[PDB]
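Right, one structure below, let's go through it.
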Amino acid sequence: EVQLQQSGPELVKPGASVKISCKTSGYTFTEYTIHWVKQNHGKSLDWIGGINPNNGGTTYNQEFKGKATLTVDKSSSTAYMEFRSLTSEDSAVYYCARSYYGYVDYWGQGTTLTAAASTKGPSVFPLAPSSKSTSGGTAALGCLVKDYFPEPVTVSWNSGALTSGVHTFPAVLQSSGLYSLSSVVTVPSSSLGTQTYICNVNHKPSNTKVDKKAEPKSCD
Amino acid sequence: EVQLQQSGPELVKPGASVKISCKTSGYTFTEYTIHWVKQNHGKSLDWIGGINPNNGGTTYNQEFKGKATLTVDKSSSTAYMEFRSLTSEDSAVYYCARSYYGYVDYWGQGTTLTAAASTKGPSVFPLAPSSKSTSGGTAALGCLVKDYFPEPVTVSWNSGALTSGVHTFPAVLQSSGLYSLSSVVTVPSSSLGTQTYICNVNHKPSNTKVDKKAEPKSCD
Amino acid sequence: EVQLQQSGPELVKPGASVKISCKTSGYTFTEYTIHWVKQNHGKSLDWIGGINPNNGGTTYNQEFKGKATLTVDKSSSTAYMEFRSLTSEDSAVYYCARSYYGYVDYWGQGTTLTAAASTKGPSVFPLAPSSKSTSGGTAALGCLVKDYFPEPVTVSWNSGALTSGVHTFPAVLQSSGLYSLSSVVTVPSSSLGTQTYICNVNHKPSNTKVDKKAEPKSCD
Amino acid sequence: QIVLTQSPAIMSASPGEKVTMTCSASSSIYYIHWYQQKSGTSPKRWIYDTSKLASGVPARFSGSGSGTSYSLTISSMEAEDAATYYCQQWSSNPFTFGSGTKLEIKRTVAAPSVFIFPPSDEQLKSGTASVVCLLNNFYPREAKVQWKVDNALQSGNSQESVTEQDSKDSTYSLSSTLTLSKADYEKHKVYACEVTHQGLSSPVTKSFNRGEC
Amino acid sequence: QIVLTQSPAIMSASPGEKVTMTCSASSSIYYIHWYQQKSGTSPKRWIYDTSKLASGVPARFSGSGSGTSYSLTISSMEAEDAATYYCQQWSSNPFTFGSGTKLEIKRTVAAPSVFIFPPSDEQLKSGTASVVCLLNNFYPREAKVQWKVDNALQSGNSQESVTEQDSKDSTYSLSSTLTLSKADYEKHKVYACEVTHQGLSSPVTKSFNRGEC
Amino acid sequence: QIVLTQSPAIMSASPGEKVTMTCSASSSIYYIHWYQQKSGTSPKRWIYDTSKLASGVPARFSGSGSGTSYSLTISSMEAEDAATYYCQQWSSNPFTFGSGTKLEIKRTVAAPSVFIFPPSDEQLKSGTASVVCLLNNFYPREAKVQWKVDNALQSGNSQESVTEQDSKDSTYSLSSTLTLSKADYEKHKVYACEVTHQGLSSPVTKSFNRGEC
Amino acid sequence: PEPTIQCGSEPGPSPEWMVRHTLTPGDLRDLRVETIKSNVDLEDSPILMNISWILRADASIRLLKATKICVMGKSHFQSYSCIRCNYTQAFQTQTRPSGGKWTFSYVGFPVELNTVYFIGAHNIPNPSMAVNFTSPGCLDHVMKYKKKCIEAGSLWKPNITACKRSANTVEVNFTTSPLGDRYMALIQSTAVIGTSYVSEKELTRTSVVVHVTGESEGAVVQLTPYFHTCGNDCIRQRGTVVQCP
Amino acid sequence: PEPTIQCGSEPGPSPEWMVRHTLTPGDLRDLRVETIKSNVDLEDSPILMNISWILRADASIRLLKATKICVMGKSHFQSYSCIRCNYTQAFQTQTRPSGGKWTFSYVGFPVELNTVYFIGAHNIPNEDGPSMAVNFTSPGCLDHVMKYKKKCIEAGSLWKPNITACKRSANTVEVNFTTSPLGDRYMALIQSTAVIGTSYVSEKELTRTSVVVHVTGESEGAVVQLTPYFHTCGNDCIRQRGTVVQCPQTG
Ligand SMILES: *[C@@H]1O[C@H](CO)[C@@H](O[C@@H]2O[C@H](CO)[C@@H](O[C@@H]3O[C@H](CO[C@H]4O[C@H](CO)[C@@H](O)[C@H](O)[C@@H]4O)[C@@H](O)[C@H](O[C@H]4O[C@H](CO)[C@@H](O)[C@H](O)[C@@H]4O)[C@@H]3O)[C@H](O)[C@H]2NC(C)=O)[C@H](O)[C@H]1NC(C)=O
Ligand SMILES: *[C@@H]1O[C@H](CO)[C@@H](O)[C@H](O)[C@H]1NC(C)=O
Ligand SMILES: *[C@@H]1O[C@H](CO)[C@@H](O)[C@H](O)[C@H]1NC(C)=O
Ligand SMILES: *[C@@H]1O[C@H](CO)[C@@H](O)[C@H](O)[C@H]1NC(C)=O
Ligand SMILES: *[C@@H]1O[C@H](CO)[C@@H](O)[C@H](O)[C@H]1NC(C)=O
Ligand SMILES: *[C@@H]1O[C@H](CO)[C@@H](O)[C@H](O)[C@H]1NC(C)=O
Ligand SMILES: *[C@@H]1O[C@H](CO)[C@@H](O)[C@H](O)[C@H]1NC(C)=O
Ligand SMILES: *[C@@H]1O[C@H](CO)[C@@H](O)[C@H](O)[C@H]1NC(C)=O
Ligand SMILES: *[C@@H]1O[C@H](CO)[C@@H](O)[C@H](O)[C@H]1NC(C)=O
Ligand SMILES: *[C@@H]1O[C@H](CO)[C@@H](O)[C@H](O)[C@H]1NC(C)=O
């Protein structure tokens with residue numbers, strides 16, 4: 001089966017260069033054009049350009065011509081896109097995709113690029129279960145994961161051993177530019193005094209791992 | 001694909017000589033004329049001259065003749081432009097470009113040349129958000145970056161995480177001969193006292209890096 | 001039911017003027033625009049103009065300005081069109097039509113206007129079946145209708161009883177300025193000795209009707 | 001001033017195939033309307049306000065479009081659909097029609113049956129000889145007819161006429177008329193009509209010898 | 001360049017309901033192609049060459065159109081069809097995508113369960129107070145959340161975050177976070193979250209008293 | 001020797017409107033070429049050989065002309081089109097450019113939000129006081145800023161800076177910086193920025209009193 | 001009358017005019033190619049390209065007078081030829097009145113095995129149209145009837161029965177070909193685990209035992225023939241080892 | 001087209017108005033050159049330039065009486081080939097009455113293979129650099145018309161070796177090809193980014209031969225270059241190319 005495998009997320013200082021890769025397999029590399037597509041937080045899809053690996057022919061969306069450069073490497077069956085001077089307007093997910101005619105039939109998994117000087121791991125605060133977060137015998141508790149940059153964070157609970165209702169609130173961009181999210185779980189209220197709940201917060205961009213015990217409020 | 005890769009920015013003593021380079025790739029170097037183009041702060045484009053890389057033959061704009069010399073090095077597929085005595089009138093961005101017939105179909109990214117007798121890093125002052133602000137409403141804050149030379153400075157906020165609502169104004173030449181600019185951002189007034197705002201100012205010519213936290217002025 | 005009934009056909013010398021009428025019934029005359037449309041034989045539809053019966057306001061296709069004049073008479077619920085100085089290019093079907101928005105919902109049945117400087121009835125000659133080479137199954141026979149003006153002729157067979165297998169061809173304008181056509185029928189060859197075949201040619205412009213019996217030529 | 005360009009000007013479709021025709025306006029209009037016209041009758045409103053069907057119009061028809069580009073689509077061609085379709089706008093004065101799409105029925109190839117007719121004795125009394133060659137019930141419309149007199153190719157003295165598609169079998173018929181003076185007609189013996197058509201492997205020739213009943 | 005205008009931008013359909021969405025090109029194209037994207041993953045080829053189904057696509061999906069006008073149809077809405085659909089063309093350079101149709105699954109009204117969380121003491125040490133109000137498992141998304149502090153209506157100091165539709169029951173959950181300096185938080189007593197929603201006969205308020213224990 | 005004159009030097013166009021810009025050569029040339037430059041990057045070939053579009057250039061663009069007169073046309077203005085366009089010739093040495101047409105996008109009028117910032121204590125310690133007035137996200141670009149110090153109108157001691165049009169909302173922002181010695185600054189109390197703009201019916205004034213937070 | 005094409009050979013320009021360095025929009029599918037058997041009555045008929053193109057329905061077709069077609073084959077070496085097809089009459093309608101758009105085809109350019117072919121075409125007056133295809137090899141059902149394929153064993157039906165006989169030994173049965181007498185039998189599981197050699201001048205069903213070093217149950221058996229024209233690159237026959245009842 | 005041209009042999013130039021500018025302005029393109037066979041009947045026909053030009057549509061065309069054309073070999077060569085084409089009458093209209101432009105052509109200047117030609121033209125009277133200029137490299141022995149010239153044929157322009165080359169081992173390539181009656185000595189070369197192997201072959205028969213090339217690098221997909229050592233071409237005979245493939249090629 002055909003696969004397009006893209007390189008991992010990157011933080012790149014504004015003004016520096018970056019080259020992301022798209023490793024193809026399962027078909028004859030020289031037979032299909034490779035396209036690159038941008039999707040920022042606005043969720044719209046923007047075509048950047050395409051390259052034919054057989055002869056190097058290229059065409060660009062002019063909003064990216066002079067900004068992105070497309071290349072191929074036949075021996076590894078790999079396509080590349082290089083930004084020469086990454087700016088904050090370039091922070092986005094970038095996809096590669098394969099075409100034969102006018103449509104793309106296989107997509108890469110996407111590469112997140114962040115144009116910033118630094119990363120910042122989260123502070124993790126408890127959302128403590130109480131009578132004010134209980135209904136019909138189920139208590140809600142969670143972790144407030146605030147002031148991190150860039151996305152994403154992942155949260156598991158009790159290292160994956162916990163069965164429970166789960167509500168994951170998507171990150172919200174704060175006016176400082178830092179993100180905040182809540183991860184909430186619903187459990188039997190009668191379990192509070194006996195079971196411990198640890199949210200495992202992971203922030204790969206800053207190589208941060210934090211375990212936070214969330215404990216019941218003593219005021220019911 | 002064709003690429004013209006130009007050398008980086010240069011600070012040059014007034015009256016001194018400087019040589020910038022243009023690295024071509026993706027085509028037969030000896031087959032295409034290389035042109036050099038100046039763009040001053042008035043943004044008009046001035047052709048300086050062109051060179052036939054096959055034989056080194058040149059033609060100069062006589063409005064520049066004797067000030068600039070064009071050379072190539074065929075072995076590295078590179079074109080060069082040398083100014084014998086850069087003056088303040090010569091500070092500008094310089095492009096190389098490849099021609100086919102009468103038009104240029106590929107441009108280098110430009111090289112800024114600055115004639116500077118000295119460098120001076122900026123002072124960075126806070127532009128403090130006002131206490132007399134509307135309930136909810138929008139507050140503004142910023143950083144004043146004063147008395148530096150030559151251009152440019154770079155300004156980010158919260159290490160690049162804060163881009164929305166940011167206006168970094170064009171530098172203004174003061175009557176002192178030094179530049180100054182402000183970078184401002186508008187935020188919810190309720191974020192004053194809950195969020196941290198730091199402007200990160202960099203002036204590469206003087207190796208100056210300043211981070212400035214901007215807070216509401218202290219009442220007492 | 002809504003009906004638009006137009007006045008009858010007119011045969012006219014070139015240079016004369018004519019006024020044709022369009023009698024409407026079944027709706028409030030003044031509430032709907034009346035349009036006029038020209039159609040040359042076998043070609044496209046040309047809008048001439050329209051009239052609002054409420055206020056007598058008109059608008060014309062400028063190729064018809066001066067040539068055509070539109071009027072209504074509310075008391076009779078009738079629309080009129082006056083076409084002046086007819087040329088042979090004005091020979092055509094002319095329709096009135098009703099609109100409320102931008103489309104036409106009811107059409108009149110059409111009025112044929114024919115410009116002729118003279119009329120001339122046709123000669124009708126037999127296309128005698130190849131009884132000399134009978135059998136093989138089907139024989140063809142017909143009538144040649146030559147040298148008439150203006151269009152049209154009507155051709156039936158056996159006073160209208162023979163329709164199957166009949167092909168009456170479009171008229172052709174000869175270089176003499178006169179028209180000619182053939183009408184043919186295919187029949188079993190063994191019917192040449194048992195059946196009677198008469199073509200009935202009618203040329204209304206000249207009040208000429210010609211009946212011609214088409215017989216196998218003497219073979220023995 | 002808006003002009004409407006219709007494409008294709010003429011086309012054929014087999015029963016059951018999908019049919020599309022386009023109407024392009026020189027600038028933007030609020031609606032497009034379509035009329036169907038069959039030979040010898042008034043146009044009828046077919047699709048109006050771009051996509052609405054007049055009452056009774058089969059639902060295999062649909063209209064769509066906006067701005068300057070509109071189309072009429074038949075999901076599955078039927079023989080009753082053969083007709084000329086005109087688009088029309090009245091978003092600006094003057095009210096204008098498109099030049100029309102004539103839609104014909106595609107059918108299997110059928111070779112013509114060829115017949116040749118000598119001039120009648122009645123006509124020869126007048127000084128002129130019309131020789132008629134008939135190609136009957138063939139498909140497709142394209143056909144070549146060449147006249148030969150004593151095996152000499154003729155040119156410039158013949159005219160052709162073609163019927164519309166037959167309502168029952170969807171074929172065409174063609175007449176070619178060679179006109180000569182009686183003087184030239186009585187000078188030669190063999191009059192031949194040579195017919196070329198996709199349904200014939202080799203051209204068919206039909207001839208007569210003058211005065212050989 | 002060629003702009004593909006997709007309508008509607010957002011819509012919801014009940015299970016079993018028929019769904020149509022349109023793609024309108026600013027100029028004519030030879031084909032339209034459609035991609036499906038669900039939250040957090042790559043778009044997937046869905047309909048290509050205007051009417052052909054990608055591998056894996058159930059035939060309740062169909063595509064139609066020509067010229068500038070195209071549509072995608074779902075004969076019977078399934079919950080797994082909730083996604084964003086993008087049309088796409090490459091008949092002229094540049095290759096462009098449409099602006100997208102976000103399709104959500106409609107269900108019966110469900111009232112939220114409202115929960116409130118006071119600031120942690122750990123956070124107050126750092127100087128800020130985030131007060132979190134939770135709306136759990138409700139439909140439709142529309143809801144009013146108003147904060148009141150010592151019966152004083154707040155504005156401009158809170159942010160909302162809404163979940164994706166639940167995979168099992170298609171409801172939403174919503175968080176509203178009121179953020180204040182440690183100073184302003186420790187200055188007041190009663191923090192209230194007031195929820196207005198179609199599934200509630202009267203607006204619900206959940207509160208806590210600062211400084212209870 | 002040939003020079004190129006471009007008109008207009010600066011223009012703003014409503015979205016959807018037809019745009020033309022002209023290039024006049026001092027004597028006849030064989031071709032003209034056009035480059036687009038957006039702020040902060042290299043010019044890109046846009047139209048070359050007078051009427052050919054580079055790959056990727058929208059077909060809303062066209063070029064024409066001959067002899068000494070040429071023009072570049074946009075059939076319908078889009079926000080992405082705002083940029084500076086230079087024409088260029090190399091029919092004679094030296095290779096020359098025109099001075100460019102700066103094309104901006106028109107949007108609805110929007111009044112600025114005005115903010116005034118006192119000098120920091122860190123700056124005063126050095127002996128100089130900068131007072132900054134900010135006009136945020138307004139349209140059109142024209143605006144008047146008047147400084148008043150204890151109601152005395154200032155002149156000659158202020159500088160303005162204006163951003164380029166925002167790519168997303170097409171507005172401008174402007175800073176006016178009033179600079180004083182520490183000596184003169186500490187003599188007065190009321191520092192005011194008064195703004196006149198088409199989107200404000202009456203002038204707006206923002207003030208602070210020296211040394212009051 | 002309707003226009004047809006009269007095609008002939010042309011010198012044509014250098015094959016650099018075929019190097020598209022900008023990509024043409026992928027939904028421009030006006031040029032198609034497929035292979036056809038030239039003579040259907042023959043077993044080995046020459047294989048030709050049937051190159052079809054569609055004429056766009058706009059203003060410019062009325063000015064069209066010829067279409068140029070050049071083909072480049074890349075396999076073991078390049079080949080490069082061109083034809084010019086002149087249209088016999090001028091175009092009266094922008095589409096054909098008895099069809100849809102204007103479509104024409106030229107049959108020619110004999111097809112070789114295992115070759116990638118680049119085809120470009122351009123209208124006169126003015127690559128605008130382009131299509132490639134890689135021709136199959138001797139395993140394709142049409143190309144297998146070529147003399148080169150048959151003589152390499154494309155139609156050999158050895159009817160291999162390969163069977164686990166005793167302790168790690170396998171008996172392989174197959175029917176020889178008159179094209180040669182030398183054969184190699186091979187068994188491969190995770191690695192090549194056995195090989196044997198039989199020479200047989202007779203067209204017969206021969207038998208050979210191959211000694212295997214690992215588990216010989218469900219591995220592939222591979223038969224290599226050594227025919228004259230294909231040397232060491234004749235078409236091999238594969239099977240699977242099974243138990244013997 | 002009323003005005004015509006009568007062209008003649010005036011020198012009257014200087015190989016300096018052709019190099020007035022080191023760089024000629026790139027948009028002087030009203031002047032085209034294409035090679036044409038002097039004789040159709042012949043394969044080794046002489047090749048001439050067909051130099052054609054269009055005249056500007058402007059009022060100065062009324063002042064035009066002659067066009068001068070000079071062709072320069074540029075190979076440390078000088079000009080000395082100029083022609084002057086006199087127009088027989090004055091130009092009354094700025095274009096033909098049913099003609100895109102006023103167009104003229106002159107055929108002359110015998111062409112050598114693989115030669116760079118600078119052609120400049122100047123109108124009389126009238127600036128004083130070339131009014132029109134074009135660079136032109138004549139085709140070589142690979143061109144479809146020039147390949148039948150005697151110097152090309154004798155260098156192997158029509159040799160069809162039908163190279164088949166197969167990657168045999170990790171370090172060997174087997175190269176098969178058909179020899180030519182033009183010679184007995186050949187060199188086979190394998191090249192990727194650099195030359196990775198060479199073998200020389202001596203074969204006097206017209207046969208399909210085979211040779212092993214030992215390679216030092218990756219050979220899959222590399223170019224095979226066959227150099228024949230035919231007479232008259234010494235070491236400059238036409239090279240034939242192919243590409244290395246994985247053999248066996250079937251399943
Ligand atoms: C290269 O590829 C092209 C197509 O790209 C082939 O051209 C086709 O050729 C086949 C026959 O070889 C044609 O099939 C015939 O269609 C006739 C109908 O013609 C109309 O309809 C088709 C669409 O189906 C249109 O393409 C066409 O232009 C017309 O609009 C049938 O009537 C045919 O049968 C007739 O011929 C046989 C004898 O040949 C008679 O016995 C029958 O009774 C009848 O008279 C047949 O079905 C097809 O129309 C062609 N298409 C096009 C687009 O041209 C070439 O054949 C192919 N080259 C080679 C060498 O194979
Ligand atoms: C053949 O054409 C297809 C479709 O344009 C393209 O994807 C492919 O790369 C081409 N193949 C080669 C070998 O150039
Ligand atoms: C096509 O026309 C060209 C130019 O008139 C001519 O050279 C060529 O021989 C013609 N080819 C055919 C096949 O008629
Ligand atoms: C295959 O081999 C078996 C056993 O040797 C034999 O019985 C059978 O007839 C053969 N079939 C074919 C098609 O060769
Ligand atoms: C294979 O050949 C041997 C020897 O003739 C025979 O005993 C055996 O039955 C054969 N098996 C098959 C499957 O043909
Ligand atoms: C090369 O020739 C030899 C001798 O005829 C032959 O054994 C070998 O198979 C040939 N190789 C190819 C690739 O044809
Ligand atoms: C052209 O005119 C020039 C000057 O009048 C003259 O020297 C030359 O001989 C003429 N040539 C021809 C061919 O008439
Ligand atoms: C011909 O070559 C010269 C020398 O390099 C160059 O200046 C000139 O522009 C070239 N001509 C064209 C039309 O580009
Ligand atoms: C030289 O080329 C021109 C331009 O195509 C052509 O019109 C002219 O006939 C040619 N001269 C010949 C063929 O003698
Ligand atoms: C080249 O030689 C190979 C192997 O002998 C053969 O299959 C092929 O048909 C030949 N090709 C040509 C063009 O002679």
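Atoms considered below: every heavy atom in the structure, side chains included; atoms not considered: hydrogens, waters and symmetry mates. Naming convention: chains lettered A, B, ... in sequence-line order (proteins, then strands); numbering from 1 in each chain. Whatever order the structure lists ligands and atoms in, that order sets their numbers, starting from 1.
- Both the backbone and the side chain of A:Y100 come within 4.0 Å of ligand 2, counting heavy atoms alone.
- Remark: E:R45 does not engage A:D105 in a salt bridge, criterion side-chain N to carboxylate O under 4.0 Å.
- Counting heavy atoms under 4.0 Å from ligand 2, residue A:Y101 does not touch it at all.
- Less than 4.0 angstrom separates some heavy atom of A:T33 from each of these atoms of ligand 2: 7 (O).
- At the top of the distance list for atom 14 (O) of ligand 7, counting protein heavy atoms only, stands H:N86 ND2, 3.1 Å.
- When only non-hydrogen protein atoms are considered, atom 13 (C) of ligand 9 lies nearest to H:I36 CD1, 4.0 Å.
- Comparing H:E10, H:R84, H:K68 against atom 4 (C) of ligand 7, the shortest heavy-atom distance belongs to H:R84.
- Proximity of the aromatic rings of H:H144 and G:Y80 is defined here by a centroid distance below 6.0 angstrom, and this criterion is met.
- In this comparison of H:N50, H:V33, H:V107, H:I51, the heavy atom closest to atom 8 (C) of ligand 9 sits on H:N50.
- Looking at atom 7 (O) of ligand 2, its nearest protein heavy atom turns out to be A:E31 O, 2.8 Å.
- When only non-hydrogen protein atoms are considered, atom 5 (O) of ligand 9 lies nearest to H:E34 OE2, 4.0 Å.
- Of the N and O atoms on the side chains of A:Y103 and E:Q88, not one donor lies less than 3.5 Å from an acceptor on the other residue.
- Within the listing of ligand 2, atoms 12 (C), 13 (C), 14 (O) sit less than 4.0 angstrom from a heavy atom of G:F118.
- When every heavy atom of A:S21 is checked against every heavy atom of A:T78, the shortest pair comes out as CB-CG2, 4.0 Å.
- Of the protein's non-hydrogen atoms, G:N132 ND2, 2.5 Å is the one closest to atom 10 (C) of ligand 2.
- Geometrically, H:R29 engages B:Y101 in a cation-pi contact defined by less than 6.0 Å to the ring centre and at most 45° from the axis.
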* side chain to side chain contact (heavy atoms under 4.5 Å, CB included) assessment of G:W53 paired with G:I119 -> CA-CA 11 Å; G:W53 64 103; G:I119 301 162; over 6 Å; no
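- Only the side chain of A:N52 comes within 4.0 Å of ligand 2, counting heavy atoms alone; its backbone N, CA, C and O stay farther away.
- Neither the backbone nor the side chain of H:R32 has a heavy atom within less than 4.0 Å of ligand 9.
- In this structure, atom 2 (O) of ligand 9 has a protein heavy-atom contact shorter than 4.0 Å.
- Using modelled atom types and a 3.5 Å distance limit, the side chains of G:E112 and G:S75 yield no donor-acceptor pair.
- Judged by distance alone, the side chain of H:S45 and the main-chain N or O of H:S38 form a donor-acceptor pair under 3.5 Å.
- For ligand 7, none of its N or O atoms has an N or O atom of H:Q6 under 3.5 Å away.
- Distances below 4.0 Å separate heavy atoms of A:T30 from the following atoms of ligand 2: 8 (C), 9 (O), 11 (N), 12 (C), 13 (C).
- A:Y27 and A:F29 have tilted rings, their planes meeting at an angle from 30° to 60° on a 0 to 90° scale.
- A distance-only check finds a donor-acceptor pair linking the side chain of E:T96 to the backbone of E:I2 [under 3.5 Å].
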